[PDB]
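J.: This is the structure, below, for whatever I ask next.
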Protein chains: 2
Amino acid sequence: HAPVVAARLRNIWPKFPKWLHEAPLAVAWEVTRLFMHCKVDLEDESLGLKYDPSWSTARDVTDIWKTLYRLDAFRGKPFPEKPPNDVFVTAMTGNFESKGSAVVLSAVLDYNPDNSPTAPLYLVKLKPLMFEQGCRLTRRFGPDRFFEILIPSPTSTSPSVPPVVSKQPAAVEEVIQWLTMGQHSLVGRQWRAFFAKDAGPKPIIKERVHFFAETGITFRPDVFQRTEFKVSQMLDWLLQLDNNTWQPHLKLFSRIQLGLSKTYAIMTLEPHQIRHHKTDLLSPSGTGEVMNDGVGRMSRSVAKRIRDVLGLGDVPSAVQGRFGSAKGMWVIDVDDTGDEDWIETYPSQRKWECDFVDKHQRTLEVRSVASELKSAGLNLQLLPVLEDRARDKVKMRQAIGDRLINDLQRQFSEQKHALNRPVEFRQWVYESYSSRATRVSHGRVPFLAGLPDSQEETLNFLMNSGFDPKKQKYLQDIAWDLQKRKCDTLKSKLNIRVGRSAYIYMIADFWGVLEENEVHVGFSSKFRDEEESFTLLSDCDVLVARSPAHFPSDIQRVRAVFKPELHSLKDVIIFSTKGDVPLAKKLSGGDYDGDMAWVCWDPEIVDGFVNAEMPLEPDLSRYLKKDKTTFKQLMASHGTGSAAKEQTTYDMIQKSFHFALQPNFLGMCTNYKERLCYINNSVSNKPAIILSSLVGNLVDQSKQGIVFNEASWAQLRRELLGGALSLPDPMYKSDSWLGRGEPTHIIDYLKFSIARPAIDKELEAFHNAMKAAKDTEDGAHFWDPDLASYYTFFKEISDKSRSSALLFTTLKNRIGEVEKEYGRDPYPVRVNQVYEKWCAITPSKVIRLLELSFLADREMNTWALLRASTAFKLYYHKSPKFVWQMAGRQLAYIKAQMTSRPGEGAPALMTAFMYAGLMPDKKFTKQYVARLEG
Amino acid sequence: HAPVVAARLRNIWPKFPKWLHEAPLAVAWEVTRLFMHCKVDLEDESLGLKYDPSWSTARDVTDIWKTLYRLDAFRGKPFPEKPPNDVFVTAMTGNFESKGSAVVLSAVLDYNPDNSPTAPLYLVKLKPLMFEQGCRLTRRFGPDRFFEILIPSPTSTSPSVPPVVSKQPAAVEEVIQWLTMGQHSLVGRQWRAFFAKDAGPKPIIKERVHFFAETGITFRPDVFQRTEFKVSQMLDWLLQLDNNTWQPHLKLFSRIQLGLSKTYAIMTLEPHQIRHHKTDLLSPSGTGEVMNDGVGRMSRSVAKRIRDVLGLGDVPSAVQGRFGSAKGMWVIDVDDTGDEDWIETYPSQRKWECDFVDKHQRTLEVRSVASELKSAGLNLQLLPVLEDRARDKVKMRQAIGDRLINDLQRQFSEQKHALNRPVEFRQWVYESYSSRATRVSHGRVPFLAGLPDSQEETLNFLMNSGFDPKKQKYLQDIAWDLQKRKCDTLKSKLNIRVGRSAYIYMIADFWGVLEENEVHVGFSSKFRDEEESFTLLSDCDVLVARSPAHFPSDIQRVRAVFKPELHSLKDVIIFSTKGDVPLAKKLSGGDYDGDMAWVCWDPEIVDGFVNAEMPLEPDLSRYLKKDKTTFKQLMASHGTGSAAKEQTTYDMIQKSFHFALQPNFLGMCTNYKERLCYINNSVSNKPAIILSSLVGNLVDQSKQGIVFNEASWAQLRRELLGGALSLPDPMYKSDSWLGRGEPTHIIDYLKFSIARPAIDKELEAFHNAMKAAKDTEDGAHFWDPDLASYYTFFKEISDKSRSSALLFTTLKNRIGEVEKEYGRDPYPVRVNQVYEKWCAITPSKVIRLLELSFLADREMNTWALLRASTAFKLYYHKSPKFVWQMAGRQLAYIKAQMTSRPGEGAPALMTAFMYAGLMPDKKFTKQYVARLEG
Ligand SMILES: [Mg+2]
Ligand SMILES: [Mg+2]
């Protein structure tokens, strides 16, 4: 209770008018969207609203907008963005649920640029209805009963946040109280907050908040659409709270995310088909250490059902999933020769005490599946630890630089060789970038004016009509804008490719075949590495790590040993369940609940590596303070019974919001550690081990109820390190070397001594080169007599003219006016405006032939060809970008017309749709060139 | 010495004129080709020949033919076929050798249709110069010194052979004597025969004969281009005869093929890098049985050199090859951790005693490499043995029929579902047939008149311009001509697909890890089988066989056991070197010199199979007679010394020709066995075991010097079987069931009770269907108002006309005349003649716009569009095939023009070349449809 805030926080939501009370939910939503967008008051008695019965039977939102919109006070504009028909129909007539898809109600709030109280504080914009995969909670209660917002974080220091908030300390408490203390009215429902989390110049970070429709003017009571139902009951259904009062309430709150997790429901197992283990697999040595933390077995038939329902090409050996209170990985049991469905759970997987009675508690839900692997490369964060652990560091670093030089050299040589032939450049362009998703989405290649959106797509579009990148300059210009942008990217991550490396899901050996420092890795298909290929790993040492590696021991060298017993388990890496300490825990305190290991079998990287043992970690208890207050202790303030428990549930939501919305130090302490280790150039000295242990403990902050605030951070740096004082940014944060002398920090050296010279050297190759291009024959020109084809044709006619002649003159004149327009708001919109003036350049018996009006698409007439060529003749000079951008499309037609030769095959006129479905045939390219070259 | 033959056999070769003696070899060859083809005498003094100096510097044969040809008496015609430039240049200026390629001199002889002696007997036609991969012998002596012919077999009974030959018993001896006894003059060289072999209504089979240029008017003596050199010396170089006189001379002659084998030379190994073993790996049990017959190890570096020189994507684990006298397989040694080059040979691989001194004796030559595997299916010849060996035969046969029904059902359902959408039908059409090699060869899709050659290519060409197979009838007609032809093929091999089967090179276990009935099979990549995938085989039983399987024991069930020690050996199957008898020898007396096993791991096929032991084979020595006469015994007729040895060599050639040219009984006895086993319906009774043993012994007939003639065949059937008497053909040789009642012989049953009903039932589905197609809207029509577009445009103009009008009338008239021409010699030539009359239908200011003469390709003008549409309007009726075949190409353009819509993307005009390089993108199709279907 500030109050300042309020009154601000009025009144934040759009009102729900009486004329609109006959809904339905989806109409209410999408109509409210047209009103807010057009800036139209929904409680206006000047507009004569109303309610179109027709909206009730609507199958396209555009019908409930053209209403409307009409009225005159709606124009505007057009838009809102608009929900897709199939989505809208589902929301209208399919229960907000289409197979696995939920219809999602969402909004984004931004601070009100306005001011004074009693202005809102937040502006709300309602997103269009959309599909997203459902989750346990939307399958149980209905997708239409869930609402989510993105909202500016109330503890966001700073500086672009309203004064009104935070120069008024706690009302951070007022914002949360607004969020959580009562119901929010939106589109005729009563929404209550039950979850908050982080989101999926310098902007204000937003937090995602989830609301549940507890009631609304369509619901009905109760005990004992659509029935009234409280958040406390919903969460009790999810978490079986009676049996989980022993839990730290912040940790219990964090489990709510497991009901919100977007998942694929696979199948519901019968109780007799479920095996709950009372104990985990423990260390053979008696350490009591859990050896299979987060991982269990499933039958083979269960995995086949997953292939089936998900439509996988193959039975997956392991999946990341949920099952009642259980969360983690399940791996096929290699000993399963039956055909009966079963799954097991282990204590380490079960996040609350669950009776597993209702079918939703016994449904296997899949988050992700073990899939075919792809090369991982080396991330620069692994490098300091790899260098630290090197038997010989000078050689390691010479080798890594040589590797970067070679790979770069290698990619340049392939680009420049491919550039020498249209079939080959097309193949190279196609391979350089995937356009399939864009093509699938549009049912064609999208165009901006007369050319594809995409530079890559523009190159191939033009080459497919016969242009040559070594002959035409525009093609040339784009080809190298592309190579430039790619150089920029390389100098900005140090993701050195290591062909023999991959990120692989970690699984534990239930079957007792792997000795302690042995791992089993078999692949589902051929893993290729330039000259060599692998279907599995055997008799070699490998490096394993989890990102990020902080401790010297966070990367381990072990032996890859293929066990025939585990042959069927593919695209996972199996760790031993022997020894004192699971291998997973050595990899940055990891486990088997979805962790993936960086696995490296590259000999040069593996062979110089020496294992370090686990660090003696410091006691950080003075700084890291765990709130261990249980749900039972919170309930003691209210008493006993149902009302006591209900209020305790809401207490937990409010106290946990107050915890979730505190600043994140993980990021801050990680950056300090980056900076400190950089200046020290050490990841293994005492300060380094302290900060790595620190950030390690902050990862589980939320479910450990660790309180760590500013005073404690300062105290900890005061007492154990620095340098309150900002540490300087590493030099590698800058674009150029701003250091003194030669780089010393392996990253500085790789970016500044190695990468930067090599890049600039590789770019001096074809600016050289540019430059090397008058009448060698070769080279590359804007001129192409083929494209002045129709120009010269009609000038001849034109001669001769009488009055064609006059038509031809108007044409040249108008083109001139439009090039002037091109000379002079976002970019695509301005280009369109000019394109539209361009297309507006329009013409017995000669005009009829040029116009071909029986064609619905103007831009396919002979006139368009003539207009394009005339513009080319007049402006290839002069304004090359103008002509190509407007008329690229018809220049291409003309080129394909002109280069055609009798008896040398037929040019193909492809529809936009059918063209989008073809790709370059790499075998054709390869075989055709091979025959060209003798 | 008949003589009858001669004089016939004159004078068989084209003469070599004096005016042509200044060569060069290639000019002589190709000029002689123009003369023989045009029917022009090369010893003509009426023509004023001559010799163009310009021919000497020629780089295109067309230059030495347009000479010429000229003259007037050369027209004619055009052709000969013509050698490719790169080939001609190599022959002219590159020594007949281009890298690995030899330029080949070849001719085909056919019996002279003429008659009387002194007519030739044979007509000779000289093939155009061509590239073929070289061989040991052409690398050693030069490709230009080798000549090969195809020649009618002189023992070819019958009946279309000249009376003159064989109704004159032995002159089979006169033909061979002509071939072998002396030199043959051809294009100024003296050719001597050194090898003969079988070739690579009912025609007369030809035999391939090889000649060596021993001298010619350009050569020079000798001892001690291009030097004189005898065949006896050449063969002595090849076979090191001094050390091989112990060999049966027919067997020694058969080794000549090893110098002729087309191969890739890889690398030459130093003597210290070669390991010759004195003994093979022998049976552990003391049987003395060779356990690695034909197989040896090579180092890893040797295999990498093979990947290198051959340009393989991967190091091959094994190769089929030659190396001095050694022939067989070499497999990488898994124990090789060095990087030194080495190879070994074993006695079983070495086919003569070789000192391995010259570099050509120490060069590894590769015939083929172990490559990625593909599904094999079940051939019908395996079936009788599989049925014989079935634990339960009634169930086996029920199962096999069900499988055939299901697979058929399955392929029909996929075809008919794909047919429902142009993107999907295109994808299905593309997958149904590979056109890439044709496309690579032409640098485009070849057209016949207005459409692609290929029906499949025609469908996609038309769909890519917007036609729909469910809407247009012509597209429909072709789509189903295609499905018909494919049904015809299925009813005509019983190649029942078994997804889990492959043909795999057999290798022996040098490393002692496989127990006797264990095999090791790992694949180089994912082997897919519908719902399941394999990178290797482990813990299952498998069937192994070599085709053909005759004995009940020729198929064996064994255990697939993956050995980690052999993990690196991929796409080969390793057999144990333990036990009494190598597994290879049990598979139809096979071995490890290139044999491939049918490997089957399909559970349903494997599980009912019971192994039989080796048959007690009969003694066939009375019928099968081995000529064991050695080279030493032949030399005893001439004496001792160099002249004696030389004449003995020629004796061996002549006696061995006389042996090679005897009738082949393998084929005849195999067919008798087919027929006998069919009537008996048994492959395991005594007659069956006798005939299988018979054909087994006849396989090695040539190098075993087994004499087996007609009298002995008759004697053997008289004494051990039948039925001299022809046995009837199996019923399955006929197209319809001509048997009595239900088929009893599993093949009769599968073809007649199962396949034939199912096929006819699956074809009654879409003739039904045809038929189900007036104005449901749907269905499929010839009419398309889009294609009458230009017709209606110009009729309107035309109106209105004055005199366009007159132009339009001539146009319709001419089209009419050309459709009449289409109504009325090979097919493609006649179509062209009409196409040419079609293209000849040709037109101030209106004609100029229709004609667009600045376009080099007429068929891209607006006139062509108008002509095509007018013809369509007039004739879609009437003659649908006429219009589409002539104007398909412009109908497509019009369709793509007409269906284009503003703001729905741009049609693409692709060049013929660039169009040939694209393929349907299966991921696009799949993803696009998935979004279409919600
Ligand atoms: Mg984890
Ligand atoms: Mg063999």
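Residue numbering restarts at 1 in every chain; chains get A, B, ... in the order shown in the structure tokens, and ligands count up from 1 in that same order.
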Hey, list the chain A side of the contact with chain B: 6 Å cut-off, only C-alpha atoms, answer as a ChimeraX atom specification.

T.: /A:314,440,464-465,525-526,532,855,857,893,896,898,900-902,905-912,914,917-921,924,928

J.: Can you pull out the residues contacting region 229-233 of chain A? Cut-off 12 Å, using only C-alpha atoms, and skip same-chain residues under 5 positions away; I want them as a PyMOL selection string.

T.: chain A and resi 137+141+145-146+180+182-183+190-195+210-216+219-224+238-242+253+256+642-653

J.: Give the residues close to ligand 2, within 7 Å, counting only C-alpha atoms and all ligand atoms; write them as a list in words.

T.: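 Residues lying within 7 Å of ligand 2: residues 590, 591, 592, 593, 594 and 595 of chain B.
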
J.: Please return as an mmCIF file with N, CA, C and O atoms, in the first residue's frame the residues found within 12 Å of ligand 1, counting only C-alpha atoms and all ligand atoms.

T.:
data_model
loop_
_atom_site.group_PDB
_atom_site.id
_atom_site.type_symbol
_atom_site.label_atom_id
_atom_site.label_comp_id
_atom_site.auth_asym_id
_atom_site.auth_seq_id
_atom_site.Cartn_x
_atom_site.Cartn_y
_atom_site.Cartn_z
ATOM 1 N N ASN A 292 21.633 -42.439 -11.074
ATOM 2 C CA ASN A 292 20.694 -42.307 -12.207
ATOM 3 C C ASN A 292 19.729 -41.133 -12.011
ATOM 4 O O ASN A 292 18.560 -41.213 -12.352
ATOM 5 N N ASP A 293 20.245 -40.040 -11.472
ATOM 6 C CA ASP A 293 19.438 -38.894 -11.114
ATOM 7 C C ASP A 293 18.630 -38.339 -12.285
ATOM 8 O O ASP A 293 19.175 -37.674 -13.161
ATOM 9 N N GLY A 294 17.324 -38.606 -12.288
ATOM 10 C CA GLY A 294 16.423 -38.016 -13.280
ATOM 11 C C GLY A 294 16.095 -38.918 -14.459
ATOM 12 O O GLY A 294 15.370 -38.507 -15.402
ATOM 13 N N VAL A 295 16.626 -40.142 -14.427
ATOM 14 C CA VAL A 295 16.438 -41.058 -15.538
ATOM 15 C C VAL A 295 15.859 -42.417 -15.128
ATOM 16 O O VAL A 295 16.208 -42.995 -14.068
ATOM 17 N N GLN A 320 12.778 -36.941 -23.402
ATOM 18 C CA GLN A 320 12.618 -36.053 -22.238
ATOM 19 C C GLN A 320 11.145 -35.883 -21.998
ATOM 20 O O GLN A 320 10.395 -35.602 -22.915
ATOM 21 N N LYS A 327 9.645 -36.338 -13.656
ATOM 22 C CA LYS A 327 10.177 -35.509 -14.691
ATOM 23 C C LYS A 327 11.591 -36.006 -14.992
ATOM 24 O O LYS A 327 12.367 -36.283 -14.072
ATOM 25 N N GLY A 328 11.934 -36.093 -16.274
ATOM 26 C CA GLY A 328 13.305 -36.382 -16.656
ATOM 27 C C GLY A 328 13.385 -37.097 -17.972
ATOM 28 O O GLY A 328 12.639 -36.794 -18.897
ATOM 29 N N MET A 329 14.296 -38.055 -18.042
ATOM 30 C CA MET A 329 14.466 -38.895 -19.198
ATOM 31 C C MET A 329 13.977 -40.306 -18.945
ATOM 32 O O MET A 329 14.065 -40.843 -17.830
ATOM 33 N N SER A 348 14.365 -39.691 -7.545
ATOM 34 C CA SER A 348 15.014 -38.496 -8.091
ATOM 35 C C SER A 348 14.220 -37.836 -9.210
ATOM 36 O O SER A 348 14.420 -36.658 -9.494
ATOM 37 N N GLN A 349 13.319 -38.584 -9.846
ATOM 38 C CA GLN A 349 12.457 -38.013 -10.889
ATOM 39 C C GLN A 349 11.179 -37.383 -10.320
ATOM 40 O O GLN A 349 10.615 -36.447 -10.914
ATOM 41 N N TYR A 505 22.428 -36.174 -25.471
ATOM 42 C CA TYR A 505 21.742 -36.497 -24.224
ATOM 43 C C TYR A 505 22.466 -37.567 -23.436
ATOM 44 O O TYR A 505 22.826 -38.635 -23.984
ATOM 45 N N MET A 506 22.629 -37.286 -22.144
ATOM 46 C CA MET A 506 23.297 -38.174 -21.203
ATOM 47 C C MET A 506 22.288 -39.139 -20.560
ATOM 48 O O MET A 506 21.200 -38.742 -20.116
ATOM 49 N N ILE A 507 22.660 -40.415 -20.514
ATOM 50 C CA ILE A 507 21.816 -41.445 -19.971
ATOM 51 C C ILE A 507 22.742 -42.239 -19.079
ATOM 52 O O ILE A 507 23.924 -42.292 -19.350
ATOM 53 N N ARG A 546 29.680 -30.369 -19.957
ATOM 54 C CA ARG A 546 28.414 -29.657 -20.075
ATOM 55 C C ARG A 546 28.719 -28.184 -20.145
ATOM 56 O O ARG A 546 29.577 -27.694 -19.399
ATOM 57 N N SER A 547 28.040 -27.479 -21.053
ATOM 58 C CA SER A 547 28.123 -26.024 -21.108
ATOM 59 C C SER A 547 27.259 -25.433 -20.017
ATOM 60 O O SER A 547 26.106 -25.824 -19.864
ATOM 61 N N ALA A 584 28.104 -37.553 -14.637
ATOM 62 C CA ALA A 584 27.240 -36.388 -14.832
ATOM 63 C C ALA A 584 27.501 -35.269 -13.803
ATOM 64 O O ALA A 584 27.520 -34.077 -14.130
ATOM 65 N N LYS A 585 27.700 -35.650 -12.546
ATOM 66 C CA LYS A 585 27.806 -34.643 -11.499
ATOM 67 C C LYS A 585 29.141 -33.894 -11.593
ATOM 68 O O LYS A 585 29.232 -32.710 -11.227
ATOM 69 N N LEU A 587 30.412 -33.068 -14.400
ATOM 70 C CA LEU A 587 30.281 -32.153 -15.514
ATOM 71 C C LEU A 587 29.404 -31.014 -15.065
ATOM 72 O O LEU A 587 28.226 -30.958 -15.414
ATOM 73 N N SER A 588 29.985 -30.135 -14.244
ATOM 74 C CA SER A 588 29.298 -28.938 -13.771
ATOM 75 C C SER A 588 28.091 -29.278 -12.905
ATOM 76 O O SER A 588 27.054 -28.636 -13.036
ATOM 77 N N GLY A 589 28.209 -30.269 -12.015
ATOM 78 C CA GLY A 589 27.051 -30.706 -11.213
ATOM 79 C C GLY A 589 25.809 -31.098 -12.027
ATOM 80 O O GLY A 589 24.679 -30.835 -11.611
ATOM 81 N N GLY A 590 26.006 -31.725 -13.191
ATOM 82 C CA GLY A 590 24.884 -32.178 -14.019
ATOM 83 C C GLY A 590 24.223 -33.477 -13.582
ATOM 84 O O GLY A 590 24.521 -34.019 -12.506
ATOM 85 N N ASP A 591 23.306 -33.961 -14.422
ATOM 86 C CA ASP A 591 22.525 -35.185 -14.163
ATOM 87 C C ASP A 591 21.841 -35.683 -15.431
ATOM 88 O O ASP A 591 22.166 -35.235 -16.536
ATOM 89 N N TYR A 592 20.856 -36.566 -15.268
ATOM 90 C CA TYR A 592 20.282 -37.268 -16.431
ATOM 91 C C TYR A 592 18.829 -36.934 -16.659
ATOM 92 O O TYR A 592 18.033 -37.810 -17.043
ATOM 93 N N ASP A 593 18.486 -35.669 -16.433
ATOM 94 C CA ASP A 593 17.107 -35.244 -16.602
ATOM 95 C C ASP A 593 16.907 -34.425 -17.869
ATOM 96 O O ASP A 593 15.900 -33.740 -18.015
ATOM 97 N N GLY A 594 17.857 -34.505 -18.790
ATOM 98 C CA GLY A 594 17.751 -33.737 -20.012
ATOM 99 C C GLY A 594 19.049 -33.033 -20.343
ATOM 100 O O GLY A 594 19.191 -32.449 -21.416
ATOM 101 N N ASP A 595 20.009 -33.106 -19.426
ATOM 102 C CA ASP A 595 21.345 -32.593 -19.741
ATOM 103 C C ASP A 595 21.895 -33.240 -21.010
ATOM 104 O O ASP A 595 21.677 -34.435 -21.240
ATOM 105 N N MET A 596 22.598 -32.438 -21.812
ATOM 106 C CA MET A 596 23.350 -32.900 -22.952
ATOM 107 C C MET A 596 24.831 -32.631 -22.726
ATOM 108 O O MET A 596 25.209 -31.588 -22.172
ATOM 109 N N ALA A 597 25.681 -33.583 -23.110
ATOM 110 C CA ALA A 597 27.124 -33.404 -22.976
ATOM 111 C C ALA A 597 27.667 -32.924 -24.295
ATOM 112 O O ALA A 597 27.233 -33.382 -25.365
ATOM 113 N N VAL A 699 22.374 -21.116 -9.765
ATOM 114 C CA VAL A 699 21.576 -21.677 -10.840
ATOM 115 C C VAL A 699 20.274 -22.246 -10.287
ATOM 116 O O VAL A 699 19.220 -22.060 -10.875
ATOM 117 N N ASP A 700 20.343 -22.888 -9.129
ATOM 118 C CA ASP A 700 19.143 -23.461 -8.517
ATOM 119 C C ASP A 700 18.472 -22.526 -7.509
ATOM 120 O O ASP A 700 17.696 -22.959 -6.666
#

J.: Any idea what the distance is between CA of residue 471 (chain A) and CA of residue 834 (chain A)?

T.: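 Separation between CA of residue 471 (chain A) and CA of residue 834 (chain A): 28.0 Å.
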
J.: Can you work out which one of A:412, A:791, A:264, A:352 has the shortest atom-to-atom distance to residue 762 (chain A), counting only C-alpha atoms?

T.: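 Looking at the shortest contact to residue 762 (chain A), the residue is A:412.
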
J.: Just to confirm, what's the straight-line distance from CA of residue 70 (chain B) to CA of residue 29 (chain B) in Å (one decimal)?

T.: 19.2 Å

J.: Among region 340-441 of chain A, which ones does DSSP assign to helix (DSSP H, G or I) (computed from the backbone)? Answer as a PyMOL selection string.

T.: chain A and resi 359-361+383-388+393-418+422-432+436-441

J.: When distances are computed from only C-alpha atoms, which of B:34, B:754, B:366, B:887 shows the smallest separation from residue 408 (chain B)?

T.: B:754

J.: Find the residues near residue 416 (chain A): any atom within 12 Å, counting only C-alpha atoms, skip ones fewer than 2 places away on the same chain, and give them as number ranges by chain.

T.: A: 409-414, 418-421, 424-425, 428-429, 469-470, 479-480, 483, 762-763, 765-766, 769

J.: How about saving the chosen residues, C-alpha atoms kept, as a PDB file, in the first residue's frame?

T.:
ATOM      1  CA  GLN A 409      40.971 -20.684 -46.058  1.00  0.00           C
ATOM      2  CA  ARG A 410      38.874 -23.776 -46.777  1.00  0.00           C
ATOM      3  CA  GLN A 411      35.529 -22.027 -46.861  1.00  0.00           C
ATOM      4  CA  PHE A 412      36.870 -19.231 -49.077  1.00  0.00           C
ATOM      5  CA  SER A 413      38.369 -21.648 -51.628  1.00  0.00           C
ATOM      6  CA  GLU A 414      35.063 -23.488 -51.939  1.00  0.00           C
ATOM      7  CA  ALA A 418      31.776 -22.558 -56.958  1.00  0.00           C
ATOM      8  CA  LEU A 419      31.450 -18.953 -58.172  1.00  0.00           C
ATOM      9  CA  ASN A 420      33.019 -19.954 -61.492  1.00  0.00           C
ATOM     10  CA  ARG A 421      29.526 -21.555 -63.184  1.00  0.00           C
ATOM     11  CA  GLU A 424      27.561 -24.381 -59.171  1.00  0.00           C
ATOM     12  CA  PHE A 425      26.859 -20.930 -57.761  1.00  0.00           C
ATOM     13  CA  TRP A 428      26.361 -22.917 -53.292  1.00  0.00           C
ATOM     14  CA  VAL A 429      23.737 -20.212 -52.754  1.00  0.00           C
ATOM     15  CA  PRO A 469      27.082 -13.792 -61.519  1.00  0.00           C
ATOM     16  CA  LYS A 470      30.413 -13.329 -63.329  1.00  0.00           C
ATOM     17  CA  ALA A 479      26.677 -12.068 -54.218  1.00  0.00           C
ATOM     18  CA  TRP A 480      29.250 -10.162 -52.254  1.00  0.00           C
ATOM     19  CA  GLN A 483      29.918 -12.697 -48.391  1.00  0.00           C
ATOM     20  CA  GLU A 762      40.524 -13.126 -47.463  1.00  0.00           C
ATOM     21  CA  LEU A 763      38.481 -10.037 -48.325  1.00  0.00           C
ATOM     22  CA  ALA A 765      41.214 -11.348 -52.499  1.00  0.00           C
ATOM     23  CA  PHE A 766      37.949 -10.310 -54.193  1.00  0.00           C
ATOM     24  CA  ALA A 769      39.322  -8.434 -58.395  1.00  0.00           C
TER      25      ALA A 769
END

J.: At a cut-off of 10 Å, using only C-alpha atoms, what residues contact residue 375 (chain B)? Leave out same-chain residues fewer than 6 positions from it and give the result as a list in words.

T.: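 Once the adjacent positions are removed, what remains is residues 497, 498, 499, 500, 501, 502, 503, 527, 528, 529, 599 and 600 of chain B.
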
J.: Grab the residues selected above and save them as an mmCIF file, in the first residue's frame with N, CA and C atoms.

T.:
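Listing of out07.cif after writing:
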data_model
loop_
_atom_site.group_PDB
_atom_site.id
_atom_site.type_symbol
_atom_site.label_atom_id
_atom_site.label_comp_id
_atom_site.auth_asym_id
_atom_site.auth_seq_id
_atom_site.Cartn_x
_atom_site.Cartn_y
_atom_site.Cartn_z
ATOM 1 N N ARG B 497 9.784 -58.127 -52.622
ATOM 2 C CA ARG B 497 10.600 -57.346 -51.718
ATOM 3 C C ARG B 497 10.583 -57.879 -50.307
ATOM 4 N N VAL B 498 11.786 -58.001 -49.797
ATOM 5 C CA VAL B 498 12.034 -58.280 -48.416
ATOM 6 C C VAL B 498 12.912 -57.137 -47.962
ATOM 7 N N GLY B 499 12.343 -56.208 -47.213
ATOM 8 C CA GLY B 499 13.127 -55.068 -46.809
ATOM 9 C C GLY B 499 14.416 -55.434 -46.094
ATOM 10 N N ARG B 500 14.387 -56.480 -45.278
ATOM 11 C CA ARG B 500 15.601 -56.802 -44.544
ATOM 12 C C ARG B 500 16.438 -57.859 -45.213
ATOM 13 N N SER B 501 17.039 -57.464 -46.333
ATOM 14 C CA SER B 501 17.890 -58.354 -47.122
ATOM 15 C C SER B 501 18.823 -57.495 -47.970
ATOM 16 N N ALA B 502 20.026 -57.994 -48.249
ATOM 17 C CA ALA B 502 20.970 -57.277 -49.134
ATOM 18 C C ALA B 502 21.994 -58.243 -49.689
ATOM 19 N N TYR B 503 22.567 -57.907 -50.842
ATOM 20 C CA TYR B 503 23.728 -58.636 -51.348
ATOM 21 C C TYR B 503 24.947 -57.942 -50.826
ATOM 22 N N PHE B 527 20.703 -48.470 -42.734
ATOM 23 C CA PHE B 527 19.956 -49.320 -43.644
ATOM 24 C C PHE B 527 18.494 -49.273 -43.237
ATOM 25 N N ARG B 528 17.650 -48.647 -44.046
ATOM 26 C CA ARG B 528 16.258 -48.435 -43.637
ATOM 27 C C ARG B 528 15.307 -49.503 -44.130
ATOM 28 N N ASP B 529 14.362 -49.853 -43.270
ATOM 29 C CA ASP B 529 13.321 -50.793 -43.611
ATOM 30 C C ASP B 529 11.977 -50.280 -43.131
ATOM 31 N N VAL B 599 22.016 -61.788 -47.931
ATOM 32 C CA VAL B 599 21.905 -61.804 -46.496
ATOM 33 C C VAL B 599 20.487 -61.377 -46.128
ATOM 34 N N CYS B 600 19.822 -62.186 -45.324
ATOM 35 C CA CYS B 600 18.463 -61.877 -44.929
ATOM 36 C C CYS B 600 18.276 -61.943 -43.419
#
